[PDB]
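Let me begin by presenting the structure, written as structure tokens, before commenting on it.
What is reported rests on the model, the rules as stated and the sources as named; these are not laboratory values. Cβ coordinates were reconstructed from backbone atoms using ideal geometry, including for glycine residues, and neighbour counts include every protein chain displayed.
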Ligand SMILES: CC(C)(COP(=O)(O)OP(=O)(O)OC[C@H]1O[C@@H](n2cnc3c(N)ncnc32)[C@H](O)[C@@H]1OP(=O)(O)O)[C@@H](O)C(=O)NCCC(=O)NCCS
Ligand SMILES: [Zn+2]
């Protein structure tokens, strides 16, 4: 693909009439999915020079829940498979990284009671853990800009508000190769915690 759309990330050949119409339609579906405009209430939990993180809590309004689900449909398409869903959808906390009225990062966190050290295989010895990182995604063109690091930072101070969770209290659900490279660095160990492995 000779052309990269800076706004939806699609890679395609602008010279091709098939491609330009298909990009037009992909571009529309994508920007609708990540657009972040007109929430009556935003629970802003962290502010940065290049964006902010908004927290969506259980029993928040329909429009917030729907926005999370729209983003998750795009992540499902990008991954190409159904990642293990949260056990109880009404206990999850969702963190959205917003930049220029767009969702460019999403972290879904769920309560867990145990996790397992990874060696890929993992140990059969359960370790007590508090917070399961059930989903983590950053828009492709915004990667390697610390968005995922800041989302996990924010989970560590918001998931159990009033305490700062250690990297021994968070675990990563069923990590992808990208997730494994991220978690190894974030946790400063190749033997971080996982669940749904
Ligand atoms: C995994 C993911 C969320 C990381 O998001 P990100 O915002 O780019 O990550 P960060 O910028 O916070 O990365 C922090 C460190 O993690 C490491 N890291 C992150 N992503 C990496 C990658 N694709 N390859 C190697 N190292 C990587 C780097 O050490 C990075 O530090 P550096 O940029 O200073 O070198 C992102 O790659 C993604 O969304 N991938 C597609 C969806 C996916 O697979 N999610 C994981 C499911 S477990
Ligand atoms: Zn586009």
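Of note:
- Selection within region 87-114 - more than 27 Å from residue 143 (Cα to Cα) and crowded, with 17+ Cβ neighbours inside 10 Å: 112
- Checking every residue in region 59-77 against the condition of being within 16 Å of ligand 2 (Cβ to nearest atom), more than 22 Å from residue 159 (Cβ to Cβ), assigned by TED's automatic domain parsing to the domain that holds residue 158 and buried (at least 18 other Cβ atoms within 10 Å of the Cβ) gives at least one match.
- Criterion (surrounded by fewer than 22 Cβ atoms within 10 Å (Cβ to Cβ), assigned by TED's automatic domain parsing to the domain that holds residue 112, under 13 Å from the mean Cα position of the chain (by Cα) and under 25 Å from residue 10 (Cα atoms)) met by exactly one of 150, 135, 146: 146
- Among the residues making up region 41-58, those that are out of contact with any helix residue (DSSP H, G or I) (no Cβ under 6 Å at 6 or more places or on another chain) and either within 12 Å of ligand 2 (Cβ to nearest atom) or over 23 Å from residue 89 (Cβ atoms) (or both) are 44, 47, 48, 49, 50, 51, 52.
- Taking the conditions (1) exposed (fewer than 14 other Cβ atoms within 10 Å of the Cβ); (2) more than 8 Å from ligand 2 (Cβ to nearest atom) in turn, residue 6 satisfies each one other than (2).
- Number of the exception - residue 30 against (1) within 16 Å of ligand 1 (Cβ to nearest atom); (2) in a loop (DSSP other than H, G, I, E, B): (2)
- Residue list for region 126-159, restricted to those being out of contact with any strand residue (DSSP E or B) (no Cβ under 7 Å at 6 or more places or on another chain), more than 8 Å from ligand 1 (Cβ to nearest atom) and either assigned to a strand (DSSP E or B) or within 30 Å of residue 3 (Cα to Cα) (or both): 141
- Per-region count, region 14-38, residues over 24 Å from residue 65 (Cα atoms), surrounded by 13 or more Cβ atoms within 10 Å (Cβ to Cβ) and more than 12 Å from ligand 2 (Cβ to nearest atom): 1
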